[PDB]
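Remarks on the overall topology
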Amino acid sequence: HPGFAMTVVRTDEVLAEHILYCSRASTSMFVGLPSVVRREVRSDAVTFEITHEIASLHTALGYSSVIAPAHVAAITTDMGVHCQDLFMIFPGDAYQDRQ
Amino acid sequence: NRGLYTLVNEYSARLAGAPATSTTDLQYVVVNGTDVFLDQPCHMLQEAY
Amino acid sequence: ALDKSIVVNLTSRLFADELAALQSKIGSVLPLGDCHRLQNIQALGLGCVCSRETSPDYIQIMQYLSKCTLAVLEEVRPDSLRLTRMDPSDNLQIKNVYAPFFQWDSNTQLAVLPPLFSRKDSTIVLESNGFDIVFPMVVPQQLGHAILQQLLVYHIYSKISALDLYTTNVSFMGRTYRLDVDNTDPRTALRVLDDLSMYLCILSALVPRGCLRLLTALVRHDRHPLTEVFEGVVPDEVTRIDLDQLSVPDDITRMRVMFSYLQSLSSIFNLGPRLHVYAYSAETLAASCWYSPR
Amino acid sequence: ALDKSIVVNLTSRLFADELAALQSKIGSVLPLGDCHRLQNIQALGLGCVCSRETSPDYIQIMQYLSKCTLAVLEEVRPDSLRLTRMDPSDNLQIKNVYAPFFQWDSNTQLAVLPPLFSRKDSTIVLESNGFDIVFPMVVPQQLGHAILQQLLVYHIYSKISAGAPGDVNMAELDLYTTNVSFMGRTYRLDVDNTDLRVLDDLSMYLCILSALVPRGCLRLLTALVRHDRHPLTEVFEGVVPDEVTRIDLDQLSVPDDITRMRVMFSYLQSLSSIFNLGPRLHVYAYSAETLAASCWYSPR
Amino acid sequence: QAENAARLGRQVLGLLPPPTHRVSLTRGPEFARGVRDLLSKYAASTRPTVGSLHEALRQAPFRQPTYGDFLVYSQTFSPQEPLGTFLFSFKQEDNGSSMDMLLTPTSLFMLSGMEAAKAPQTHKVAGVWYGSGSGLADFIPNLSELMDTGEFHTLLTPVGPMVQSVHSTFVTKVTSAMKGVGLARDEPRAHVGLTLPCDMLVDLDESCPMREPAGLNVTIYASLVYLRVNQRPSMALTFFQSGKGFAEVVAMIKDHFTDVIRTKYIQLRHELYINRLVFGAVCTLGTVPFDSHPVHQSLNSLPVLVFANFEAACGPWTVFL
Amino acid sequence: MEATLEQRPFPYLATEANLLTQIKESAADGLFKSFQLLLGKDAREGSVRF
Amino acid sequence: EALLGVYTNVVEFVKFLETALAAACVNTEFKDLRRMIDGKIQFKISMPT
């Protein structure tokens with residue numbers, strides 16, 4: 001045992017299928033009109049970026065949409081045990097005697 | 001510092017405190033702004049289970 | 001023909017604070033990564049390489065500057081930045097603002113450089129979006145080369161510190177200045193200073209004896225304006241090299257290679273892309289330039 | 001869609017003697033400080049910079065060259081000159097009317113060099129308007145990056161003899177410099193034993209470099225120790241001369257060495273760009289009986 | 001039979017350079033109705049059609065490179081080709097009227113005289129194209145002494161891709177291409193891309209995610225390294241591909257040719273010859289579009305790359321060290 | 001140029017749902033941005049100015 | 001050696017208005033976002049005592 005004990009932090013990731021409720025008619029939709037723009041024109045490729053612009057809005061005053069974590073599916077985390085390595089994050093820092 | 005209604009209006013939309021990557025080999029910190037979908041509730045309580 | 005318009009979608013409405021800095025710089029230069037019409041804000045500013053919580057050096061930033069495409073602002077709507085690009089041969093309207101102000105004319109000669117004097121002046125922070133925006137800086141190429149001089153010189157004298165009036169203050173006739181060096185990265189500045197050993201000691205390998213004989217005749221009594229650097233005293237070295245009898249076809253073989261390696265020293269003093277400006281008004285502060293990445 | 005033309009006006013007419021000297025060429029390469037189509041005469045030559053009463057230069061020309069815009073003749077009317085604009089990456093036609101004569105070829109590289117020879121070869125005095133037009137010296141790049149080579153040698157040994165007579169033999173110096181070898185051919189040129197002055201400014205630099213340069217590399221060697229020290233730099237002790245590595249820092253204190261190193265590279269970057277950034281082109285088709293050189297302008 | 005020539009009145013009078021847009025003033029404000037390709041943003045609709053965007057594709061940018069017509073022996077230039085090779089133009093002395101010598105990169109391997117396993121792929125293939133590497137060396141008796149003083153990199157003007165080759169018994173006509181995108185011959189409307197052997201290319205781009213940004217440009221280079229093998233002078237050629245700017249690649253090429261610098265310059269402890277000190281040159285061979293996939297091929301086997309949409313742009317032989 | 005608030009008398013529209021819930025504290029701690037209190041001597045359709 | 005069955009995909013078109021996600025929408029036609037900067041909706045909350 002060396003002179004000290006220690007705590008350990010990790011992280012986690014878990015996939016989840018979420019139930020999202022959205023109440024009625026809380027966004028007014030402003031839908032623009034589409035357009036065609038040509039660019040990146042070489043001798044073989046004539047590329048178009050057909051665009052379209054929308055103004056969205058929040059009509060209702062409070063909150064009108066609730067998300068919820070519902071169905072667990074997997075764990076990408078592995079919840080493994082592997083430490084973070086200051087020799088990688090701080091490559092420039094080093095001791096005196098290079099041997 | 002703020003009153004908590006902005007904390008509600010921040011937690012639903014915005015960036016985390018510099019969160020982690022997915023589908024890699026190690027854990028990297030994310031710089032692709034728009035793919036990653038995460039919500040971490042380790043912010044609001046500010047604790048660790 | 002071709003079109004260019006990069007409009008920038010943004011996830012949060014801006015405040016009234018930082019519109020007024022972005023309304024001020026309505027025409028400027030900022031380089032982005034992904035060459036499309038729509039774009040996330042985490043690609044616009046230069047601060048993907050030069051943020052606060054790193055130790056950026058201005059070699060790697062400048063090295064990063066020659067990669068990306070470059071772009072010019074049009075508007076600042078409170079959500080959507082609207083930008084226009086810079087094709088490899090294309091005329092536009094550039095309109096300089098930059099705060100250590102230098103005067104331009106028509107038929108001038110420009111470059112694009114990192115923020116080298118005051119980042120807090122040159123960068124605005126976007127606390128309503130998290131990701132900050134770092135601006136680059138346009139400088140005429142006489143001073144565009146003069147800043148890079150002392151930078152390659154300062155990293156030498158910082159290493160021998162293992163005081164400041166001589167090794168930082170980049171001079172132009174009329175105004176001296178001060179570089180922005182407290183937290184830099186001396187490793188990729190060292191890689192450029194590595195390669196000078198691969199030239200400068202090889203430029204010392206074929207030094208012409210007759211040209212060294214001229215300095216045993218110039219600075220002794222036949223002096224000039226631009227030779228005041230020696231201050232009238234010969235160095236110790238030139239007394240030791242010129243004992244040989246001259247002959248012409250020796251130095252003919254010598255000077256052809258000295259002709260060649262100085263062409264190679266372009267490869268280590270490169271700027272970013274270059275801007276050849278042809279017309280420049282003085283009261284609109286607008287200009288006109290054809291861009292060329294090189 | 002685009003149109004280009006550059007029409008230079010004059011105040012008066014010309015003499016009929018000058019028109020034969022300007023029908024000596026009908027297509028050649030003019031520099032031109034403007035990009036616009038109506039223009040007074042004072043910019044199409046090099047008399048904007050190079051004149052008689054001025055000290056003639058090489059570098060102040062060479063800086064002005066890459067900034068400048070080229071344009072090509074089509075016609076000499078008795079009042080106005082007509083030019084064709086030289087676009088970037090545009091193809092157009094040249095006649096190779098230049099002096100002293102050099103022979104061209106298809107698939108050569110072409111650098112536009114400033115003239116440095118006698119006056120009657122290069123310039124044409126317009127006696128009417130009193131203004132001198134100067135034509136640039138169109139030489140191919142392999143020749144242009146070697147025609148300067150031995151001439152710059154010749155100017156350095158001339159300054160040796162005029163201070164010290166018994167060091168340089170003139171028969172050695174004449175035979176090896178003014179006889180430029182290329183292609184298997186020879187070209188003897190004009191030595192200027194009329195009294196040079198175009199090319200002091202390089203020899204003004206290159207000697208004052210060549211003492212500072214080997215002194216400058218010693219400090220650069222002993223200031224690099226890491227394990228990031230690049231592995232090729234171990235080898236290059238064998239290249240540097242042994243007398244170079246026997247210098248102390250005793251004679252030059254710390255404030256003196258700043259006036260070296262901050263100024264060292266300031267030569268080289270003023271010097272490396274004036275060997276490289278000639279406004280350059282290539283020629284892909286050529287016929288000696290018509291003398292039709294064939295540009296395509298690479299802006300550089 | 002003028003019905004044949006009525007087709008010629010179509011194709012010629014349609015395929016002209018666009019005239020200089022010029023209007024006399026007595027017509028009035030009509031000049032801007034002859035301004036079409038300056039527009040970019042066309043007319044979208046609900047269900048657009050070819051009949052709605054035939055105007056949007058009627059305009060087209062004006063692009064054509066220029067070619068170099070050469071006359072070659074049937075000995076330097078092989079009768080078989082893959083039609084999309086790379087070229088040079090050797091340059092010694094204008095002996096013939098139109099008598100040109102060309103070098104493919106697969107030829108220039110055999111002219112060098114280097115080791116086998118340093119380039120193991122084309123060496124089996126480039127031994128059946130030509131002889132024992134001495135049928136071409138008979139044309140230049142200086143290929144030992146051009147190597148000495150370092151003049152060979154000065155005597156190469158690159159051209160780019162090929163377009164057409166009509167081949168006869170002794171004389172081969174080569175229609176090359178500079179400046180861009182050469183229109184093909186045996187397939188109309190096609191565009192002859194550039195092809196490289198997989199052996200000779202060495203990429204600089206490729207990395208693991210560990211991030212670098214995109215652009216419009218990526219630039220094929222052309223190295224040429226004077227080495228010395230078996231105490232005999234012999235050059236070496238590689239390629240490069242990196243959209244990274246001229247200040248970076250010179251600092252990256254030297255890491256690739258590290259050992260070649262390391263082998264030769266040990267020898268100069270006991271001797272020094274100032275003509276030997278020059279090492280290499282880099283030309284610029286032009287630009288490649290971003291994220292265009294080099295499709296691999298195979299010829300009798302020989303893996304051969306391709307670059308669609310290559311455009312040519314030559315450059316000077318800037319020495320490096 | 002932003003889109004700010006001012007206190008001018010539009011003929012405001014009569015909605016249906018009540019909106020008084022939590023507005024004792026919602027505008028107090030920023031449920032939305034740029035609220036505006038009006039107390040008794042100020043809760044009026046103020047005089048027009050232009 | 002003949003040819004037997006030479007087949008495709010046919011992709012249908014489900015638009016936004018025909019979905020019923022739009023109960024979280026009020027779909028107004030609009031002509032020019034290339035003019036409009038922002039928007040403005042105004043409220044008065046009169047609170048009895």
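Sequence positions in this view are assigned from 1 along each chain in the order the sequence is written. Entry numbering can differ, and residues without coordinates are absent from the display. Labels follow written order: the first chain is A, the first ligand is 1, and so on. Note that the chains on view sit within a larger assembly, with every value limited to the chains on view. Note that water and hydrogens are dropped before the side-chain values are worked out from all heavy atoms of the structure.

By the method listed in its record, cryo-EM, this PDB entry was determined to a resolution of 4.2 Å.

Going by what the PDB entry lists, chain F is known as Major capsid protein and is assigned to Human herpesvirus 8. Per the header of the deposited record, the title is "CryoEM structure and atomic model of the Kaposi's sarcoma-associated herpesvirus capsid".

Naming follows the PDB entry, where chain D appears as Triplex capsid protein 2 of Human herpesvirus 8.

Some details on the interface of chain D and chain C
Contacts are residue-level and defined by heavy atoms, with any inter-residue pair within 4.5 Å sufficient. Contact with chain D, which involves 68 residues of that partner, is made by 64 residues of chain C. Take the accessible area each of two parts loses on contact, using a 1.4 Å probe, and add the two losses: that sum is the buried area. Summing both sides of the interface, chain D and chain C together bury roughly 6,600 Å²; the carbon and sulfur share of this comes to 71%. Together, D:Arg262, D:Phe265 and D:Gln269 form the three largest contributors to the area buried by chain D at its contact with chain C, with a combined 12%. Within this document, salt bridges are pairs made up of a side-chain nitrogen of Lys or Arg and a carboxyl oxygen of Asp or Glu, the two lying within 4 Å of each other. Here chain D and chain C share 1 salt bridge between them. Put simply, D:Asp167 and C:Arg213 hold a salt bridge, and the shortest N to O gap is 3.9 Å. Side-chain atoms alone can form a polar contact between residues adjacent in sequence; in general such a contact is a pair of N or O atoms within 3.5 Å, and within protein one must be able to donate a hydrogen while the other accepts it. Our count for the contact surface shared by chain D and chain C stands at 11 residue pairs in polar contact. Broken down by secondary-structure element, the contributors of at least two residues to the side of chain D that touches chain C are α4 (141-161), α5 (170-177), α6 (201-221) and α7 (254-276) of chain D. Here the side of chain D that touches chain C is composed, by residue class, of 40 nonpolar, 15 polar and 13 charged. Numbering of helices and strands runs from the N terminus, with a helix taken as a DSSP run of H or I at least four residues long and a strand as a DSSP run of E at least two residues long. Throughout, the ten residues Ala, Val, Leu, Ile, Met, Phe, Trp, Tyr, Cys and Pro are labelled nonpolar, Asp, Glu, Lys and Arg are labelled charged, and all others, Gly among them, are labelled polar.

Re the pairing of strand β12 (residues 185-188) of chain D
Two strands pair when backbone bridges link them, and strand β11 (residues 179-182) of chain D and β12(D) are joined in this way by 4 bridges, in the antiparallel orientation. Following the sheet pairing, D:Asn179 is matched in β12(D) by D:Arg188. Strands pair, by our definition, only if DSSP identifies at least two bridges between them.

With respect to the domain arrangement of chain D
All names here are of chain D. For the purposes of this description, domain bounds are those given by an automatic or database domain assignment. Taken as a whole, chain D is organised into domain 1 (1-140 + 275-300), domain 2 (141-190) and domain 3 (200-274). Averaged C-alpha coordinates put domain 2 and domain 3 at centres separated by 28 Å. Listed per partner, the contact involves 5 residues of domain 2 and 4 residues of domain 3. At the boundary of domain 2 with domain 3, the tally comes to 0 salt bridges. Counting the contacts that link domain 2 with domain 3 gives 1 residue pair in polar contact. Taken together, the residues that form the side of domain 2 that touches domain 3 break down as 3 nonpolar, 1 polar and 1 charged.

Side note on the arrangement of the chains
There are 15 pairs of chains in contact here; the most contacts are made by chains C and D. What separates chain E from chain F at the closest point of their C-alpha atoms is a distance of 27 Å, and the two make no contact. Left apart from each other, chain B and chain G have a closest C-alpha approach of 17 Å.

Description of the pattern of salt bridges
Taken as a whole, this structure holds 30 salt bridges over all chains when the rule is applied. Across the salt bridge formed by D:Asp90 and D:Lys4, the nearest N and O atoms sit 3.7 Å from each other. You can see D:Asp90 sitting in the loop between β5 (81-85) and β6 (91-95) and its partner D:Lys4 sitting in the segment before β1 (6-8), a full 86 residues away along the chain. The partly exposed category is assigned to D:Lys4, whose relative accessible area is 31%. E:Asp205 is the salt-bridge partner of E:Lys244, the closest N and O atoms lying 3.6 Å from each other. For E:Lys244, a relative accessible area of 9% gives the class buried. Owing to a relative accessible area of 43%, E:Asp205 belongs among the partly exposed residues under this scheme. We call a residue buried when its accessible area falls under 20% of the maximum for its residue type, exposed when it is over 50%, and partly exposed in between, using a 1.4 Å probe and counting protein chains only.

Some words on the interface of chain A and chain G
Counting residues at the interface gives 17 residues for chain A and 13 residues for chain G. Where chain A abuts chain G, roughly 1,200 Å² becomes buried across the two surfaces, and 65% of that area is made up of carbon and sulfur atoms. Our count for the chain A to chain G interface comes out at 0 salt bridges. Of all the secondary structure elements, the ones that give two or more residues to the side of chain A that touches chain G are β2 (28-31) and β5 (54-55) of chain A. Element by element, the count of residues in the side of chain A that touches chain G is highest for β2(A), at 4 residues. Tallied by class, residues from the side of chain A that touches chain G come to 10 nonpolar, 5 polar and 2 charged. The sheet contact formed by β2(A) and strand β1 (residues 26-29) of chain G spans 4 bridges and is parallel.

A closer look at the state of the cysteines
Disulfides are defined as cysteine sulfur pairs within 2.5 Å. By the definition in use, this model includes 2 disulfides over all chains. Residue C:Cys201 pairs covalently with D:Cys217 via a disulfide, S to S 2.0 Å. Of note, the bridge from C:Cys201 to D:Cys217 carries an S-S torsion of about -125 degrees and is left-handed in sense. With C:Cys201 in helix α5 (residues 188-203) and D:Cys217 in helix α6, this residue pair bridges two chains. There is a disulfide in this structure between C:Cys211 and D:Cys207, and the S-S distance comes to 2.0 Å.

Digging into the sheet that holds strand β2 (residues 71-76) of chain C
Residues and elements named next belong to chain C. The strand order across the open sheet formed by 3 strands is β1-β3-β2, and the pairing between neighbours is antiparallel. Since the sheet does not close on itself, it has two edges, and those belong to β1 (6-8) and β2, each with one partner. Neighbour to neighbour, the strand axes of the sheet diverge by 25 degrees on average, direction disregarded. Summarising the sheet, β1 and strand β3 (residues 81-85) pair through 3 bridges and their orientation is antiparallel. Residue pairing in the sheet places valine 8 in a bridge with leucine 81 of β3. Where helices are involved, their axes are fitted lines through C-alpha atoms of the stretch in contact, as for all axes, and angles between N-to-C directions lie from 0 to 180°.

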